[PDB]
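Both backbone and side-chain heavy atoms feed into the values below; hydrogens, waters and symmetry mates do not. Residue numbers start from 1 in every chain, and the chains themselves are labelled A, B, ... in the order their sequence lines are given, proteins ahead of strands.
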Amino acid sequence: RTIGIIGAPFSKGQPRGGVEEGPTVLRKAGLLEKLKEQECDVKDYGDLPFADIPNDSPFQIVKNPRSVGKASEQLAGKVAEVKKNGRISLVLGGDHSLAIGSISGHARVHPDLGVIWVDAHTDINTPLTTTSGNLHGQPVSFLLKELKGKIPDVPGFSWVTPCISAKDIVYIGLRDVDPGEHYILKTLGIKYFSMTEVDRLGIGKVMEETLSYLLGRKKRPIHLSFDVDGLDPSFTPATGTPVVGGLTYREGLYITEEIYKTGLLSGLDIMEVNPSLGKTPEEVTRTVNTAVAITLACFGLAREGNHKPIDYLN
Amino acid sequence: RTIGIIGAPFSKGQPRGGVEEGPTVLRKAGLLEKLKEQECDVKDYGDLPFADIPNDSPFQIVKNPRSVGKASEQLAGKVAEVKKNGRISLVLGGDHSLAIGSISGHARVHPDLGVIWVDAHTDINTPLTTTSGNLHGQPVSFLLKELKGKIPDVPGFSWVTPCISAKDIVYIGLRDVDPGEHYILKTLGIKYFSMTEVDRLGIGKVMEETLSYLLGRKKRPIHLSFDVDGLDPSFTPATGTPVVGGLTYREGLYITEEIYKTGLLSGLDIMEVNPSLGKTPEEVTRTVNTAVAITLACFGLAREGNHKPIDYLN
Amino acid sequence: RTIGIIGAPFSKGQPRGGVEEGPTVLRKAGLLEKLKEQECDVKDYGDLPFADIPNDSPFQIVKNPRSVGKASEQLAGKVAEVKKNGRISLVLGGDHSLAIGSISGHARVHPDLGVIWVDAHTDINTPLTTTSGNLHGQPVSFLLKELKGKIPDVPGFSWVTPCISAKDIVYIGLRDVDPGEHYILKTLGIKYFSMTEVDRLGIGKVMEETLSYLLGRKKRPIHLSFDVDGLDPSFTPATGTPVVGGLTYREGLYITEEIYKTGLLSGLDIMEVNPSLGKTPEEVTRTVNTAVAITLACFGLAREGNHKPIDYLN
Ligand SMILES: N[C@@](CCCC[B-](O)(O)O)(C(=O)O)C(F)F
Ligand SMILES: N[C@@](CCCC[B-](O)(O)O)(C(=O)O)C(F)F
Ligand SMILES: N[C@@](CCCC[B-](O)(O)O)(C(=O)O)C(F)F
Ligand SMILES: [Mn+2]
Ligand SMILES: [Mn+2]
Ligand SMILES: [Mn+2]
Ligand SMILES: [Mn+2]
Ligand SMILES: [Mn+2]
Ligand SMILES: [Mn+2]
């Protein structure tokens, strides 16, 4: 398989700036070379240059709407180009608002994609249900057709056309869902496995049911949007909205190892890594190292091991 | 549902005094208000005033028997009143000897209750099998009918009538059981899931089997006596008798989330929280925060999220 | 059952010397007495005296080959004697290269043994596939009949006769396997449960399948070679080659508790404990304490508890 890296050093979907350092620290960790060690022809499309939008006052309670909207608009273009190039897109975040542009761009070339969303949160607040006003907790509401008519015309987002159905997304890892978001989940009949389901079934059954749900009818490309706070803070502490009782390192690698095995991975997001929020140098390396490992598993690095198609014993 | 809080700042069931601070720190953590945020009409019956009994020399090897006996005697009265008031009793410990009074009082109003006991220990030593002499490791022996005739007349406990059958209790979390206690388990045929069973089956199957065991024949009220050392010390370090390899935070919330879903929770104990034993301020907050979370789950706080019966989208 | 302890303070199978302190720290922890507390008649055959071999230059890339070879040669003799004495052999490592001698010696008396290998690594590099040259990452290649013809004549190892079949070994815990090793796994059809399989199935199913695989056809002695780095570094940090995402303390006790229950445990290795590598005094005690607990479980210490065949209630 071939890979296209896109850096997205953007943070205006939330208050803390350091998340725009995600792509820098992920590359410093040797991600490109490590990808190249696997079954990968890898091209770096570099970091997106997100021009400042100094005039961007809140839309109602919604913060930095033009900056967020433009960044996702730009991102969508790059993703779509990467996809036209026949490559799997790898977006390095950056805050999670960017999924608006990443999924959009992906869906331009592969309208039939299904989404697996790994996260402690549902990120499905509308501009009218959000309490925080932070757009990184709203991206999914912008993408789902079933919610069009519930998203106001927000400055910066006129270009958005919700092209994804509520029935084509699965959540894994949920453990902090706003009441408005829970209402939306139940109302639209969205498939999810909160931490309660993971505890009940085991990550094994979870992935079986997730892949069966998305791929049962027919094969179709997979978009994995991975928020690092989906994993427990003991593995990814350097992130903006940590929530205890998260997925383990092991469960994280399991999810992605199983997704690799489908051979349908088409787009990937690695989001919300914020080195500024590491309490110590070790917390930063711990968070980045975990992020890197999740990424490699998506592209074939397996715990049981890997080998080239040759005779190693001769 | 309606709730009745009872503080039980008592420690004479064991050597370390700080456990009598349990109710203070649990309330300081905002427990009442957080309960009120859920489907709860909550009333605080305050903290029990446990008068000193200066003259309380050991009965054989058994320590502080009159103090322990009186405290449980008082507790039983309060629990029974809370129960007559139609409310779920919430006892904030306090050492685990208090379960003698809590379960007793509960059973006065609901003779048909079943008990789920979450703990690293079985707390089923008799006054004659105990090695420590600490009564917090003996409460279950005082309650089981099948053991009457094996409990001597201990000062302070004349009021006790064992009204619970060995067949109506399930242990979850066991990993440090005295040889005498193990004999009693096997001999009375008590249902248990030690950590070995949890590892084997998964907490999912565990709760399925636990609830089937207690509720199969017919619905009946549930009493949950939760010792915080049931959870691994990495989540509840500030407790008197920590034992490694415990239940996870996740497993803890799972147990209680499933118990909530039955709609049969009738009495709850949150025991052995001792802030004095926290190695650092963070260990204390970690322990208290975990205790609070377990409590909220018992009353409906779910990881997948919660919402009121209204249209959130309008 | 009866037990024979053998100390193997040897480290030349790898670069770090402190692993030769394994037997000292394991005994200081009270292992002998604790074994004696269980169903054990225990004899200490002491620590093997491994004479220096000052002249031991690398064979090709393979390091300290004569020292490693002699130590395993000596170890095999002691194990075989312990086995002739009708006792379960308990080898305290020491680096993992010693499994060459331990398994060999065991197999002299019990040719029909099956091996369970708990480890983050497969330790199945040949002298010609190894990258490190460290012999502790090669012991299994010396033992398997199917690989004879692929192991060159290495100084110090002329005494080795591979008497174990690839079909009679199961790995549990794998998460860092060299490409050459992965080739060997797939090629010889070796049964393994890497961490991916553990995540998928649960340690319960894992042990069921492991024991069924080795014991289905007929009963036969079990040799457990336990590398402490099989467990996550959060439980055994003081070890030479830690790898994240390991087996839990709980999973560790589960494996060994199930192995005890078969009544077929015949040989045991407790390897790669290196107190020098503990970052703090607590890391050393944590590592040693975990090592001790795994050991006791192998000999009957159960989490649900233990009791003698007597009436404890009278
Ligand atoms: N619901 C949140 C989510 C915040 C986290 C967004 B992330 O992308 O998942 O990291 C919100 O602001 O709307 C909040 F309240 F928790
Ligand atoms: N068995 C104990 C139990 C002590 C712990 C009691 B707790 O309420 O579960 O916390 C005893 O003293 O009898 C002891 F030896 F471990
Ligand atoms: N494959 C290793 C294994 C090293 C570890 C050996 B141990 O006994 O399992 O601890 C090697 O050197 O060959 C290495 F590269 F990781
Ligand atoms: Mn999140
Ligand atoms: Mn998110
Ligand atoms: Mn306890
Ligand atoms: Mn207890
Ligand atoms: Mn190893
Ligand atoms: Mn090894």
Side-chain angles (χ1 to χ4, degrees), chain A residues 304-305 313, chain C residues 72 75-76 79-80 82-84 88-91 96-119 121-126 129 136-151 157 159-174 177 180-194 197-198 201 203 205-227 230 255-256 258-271 298:
Chain A
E304 72 161 58
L313 282 178
Chain C
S72 272
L75 176 50
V79 167
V82 180
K83 293 314 293 166
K84 304 189 204 86
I88 301 179
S89 51
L90 204 191
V91 172
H96 218 167
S97 76
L98 298 153
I100 299 182
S102 179
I103 297 183
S104 289
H106 194 168
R108 288 173 193 171
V109 187
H110 299 281
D112 60 338
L113 60 82
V115 178
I116 296 172
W117 194 281
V118 176
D119 203 318
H121 313 93
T122 40
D123 297 356
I124 199 173
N125 270 306
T126 72
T129 69
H136 75 154
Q138 303 172 54
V140 177
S141 78
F142 278 85
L143 298 164
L144 300 191
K145 299 167 189 156
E146 291 84 4
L147 256 21
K148 195 182 73 304
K150 288 288 82 220
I151 279 65
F157 300 88
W159 60 274
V160 173
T161 290
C163 44
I164 307 298
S165 174
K167 60 178 231 298
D168 288 311
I169 176 166
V170 176
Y171 285 106
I172 299 169
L174 308 179
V177 181
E181 289 181 295
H182 193 250
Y183 175 82
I184 297 165
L185 281 184
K186 286 301 100 184
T187 293
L188 301 187
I190 290 161
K191 193 66 192 299
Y192 62 84
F193 300 91
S194 75
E197 282 67 61
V198 180
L201 305 177
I203 201 64
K205 197 78 182 66
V206 168
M207 284 311 301
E208 183 171 295
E209 296 192 27
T210 287
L211 294 169
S212 184
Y213 182 84
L214 295 176
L215 304 180
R217 245 276 186 258
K218 62 221 66 171
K219 301 314 183 186
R220 40 106 71 101
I222 287 161
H223 185 112
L224 175 59
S225 200
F226 197 108
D227 185 337
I255 292 166
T256 51
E258 287 299 306
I259 289 174
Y260 167 75
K261 294 164 56 161
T262 69
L264 292 165
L265 182 61
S266 181
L268 177 66
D269 300 328
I270 300 296
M271 313 301 277
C298 283

> Are the side chains of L185(C) and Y171(C) in touch, meaning some heavy atoms are under 4.5 Å apart?
Replying inline: yes
> Distance from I184(C) atom CD1 to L313(A) atom CG, nearest 0.5 Å?
Replying inline: 4.5 Å
> With a 3.5 Å cut-off and no angle check, do the side chains of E197(C) and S194(C) form a donor-acceptor pair?
Replying inline: yes
>> Is any side-chain heavy atom of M207(C) closer than 4.5 Å to one of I255(C)?
In response: yes
> Above 12 or not: heavy atoms from other molecules or residues under 6.0 Å from NZ of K84(C)?
Replying inline: yes
> Below 4.5 Å, heavy atoms only, C-beta onward: do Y192(C) and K186(C) meet side chain to side chain?
Replying inline: yes
> What is the ring orientation for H106(C) with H223(C), classed by angle as parallel under 30°, tilted 30 to 60°, or perpendicular over 60°?
Replying inline: tilted
> If we only count heavy atoms from C-beta on, is the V140(C) to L147(C) side-chain gap below 4.5 Å?
Replying inline: no
> Nearest heavy-atom pair of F142(C) and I151(C): which atoms, and what distance?
Replying inline: CE2-CG2, 3.8 Å
>> Testing the basics here: between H96(C) and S225(C), what is the closest heavy-atom pair and its distance to 0.1 Å?
In response: NE2-OG, 2.8 Å
> Can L113(C) and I164(C) be said to form a side chain to side chain contact (heavy atoms under 4.5 Å, CB included), step by step?
Replying inline: CA-CA 8 Å; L113(C) 60 82; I164(C) 307 298; 3.7 Å; yes
>> I want to check something: taking the side chain as every heavy atom from C-beta on, are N125(C) and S141(C) in contact at a cut-off of under 4.5 Å?
In response: no
> Given side chains that start at C-beta, do those of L144(C) and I124(C) come closer than 4.5 Å, heavy atoms only?
Replying inline: yes
> At what distance, to the nearest 0.5 angstrom, does CD1 of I190(C) lie from NE2 of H182(C)?
Replying inline: 11.0 Å
> Do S89(C) and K83(C) have side-chain N/O donor and acceptor atoms under 3.5 Å apart?
Replying inline: no
> Are side-chain heavy atoms of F157(C) and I100(C) found at a separation under 4.5 Å?
Replying inline: yes
>> How long is the straight-line distance from CG of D119(C) back to CD1 of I172(C), given to the nearest 0.5 Å?
In response: 11.5 Å
>> Among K191(C), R217(C), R220(C), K145(C), exactly one meets salt bridge (charged side-chain N to carboxylate O under 4.0 Å, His left out) together with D168(C). Which residue is that?
In response: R220(C)
>> Evaluate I222(C) against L215(C) for side chain to side chain contact (heavy atoms under 4.5 Å, CB included), listing each step before the verdict.
In response: CA-CA 9 Å; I222(C) 287 161; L215(C) 304 180; 3.9 Å; yes
> Which distance, rounded to the nearest 0.5 Å, do you find between the CG of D227(C) and the CE of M271(C)?
Replying inline: 8.5 Å
> So how far is it from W117(C) CH2 to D269(C) CG, rounded to the nearest 0.5 Å?
Replying inline: 7.0 Å
>> Quiz question: by atom type and distance under 3.5 Å, do the side chains of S165(C) and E146(C) form a donor-acceptor pair?
In response: yes
>> For the OG1 atom of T262(C) and the CG atom of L214(C), what is their distance to the nearest 0.5 Å?
In response: 10.0 Å
>> With side chain to side chain contact (heavy atoms under 4.5 Å, CB included) as the criterion, how do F226(C) and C298(C) come out once you've worked through the C-alpha distance, each side chain's angles and the decisive distance to 0.1 Å?
In response: CA-CA 11 Å; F226(C) 197 108; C298(C) 283; over 6 Å; no
> Hey, does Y260(C) have a side-chain heavy atom less than 4.5 Å from the side chain of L265(C)?
Replying inline: no
> Is the backbone N or O of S97(C) less than 3.5 Å from a side-chain atom of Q138(C), with the two atoms forming a donor-acceptor pair by type?
Replying inline: no
>> Give me the atom names and distance for the closest heavy-atom approach of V91(C) to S102(C).
In response: CG2-OG, 3.7 Å
> What are the two closest non-hydrogen atoms of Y213(C) and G189(C), and how far apart are they?
Replying inline: OH-O, 4.3 Å
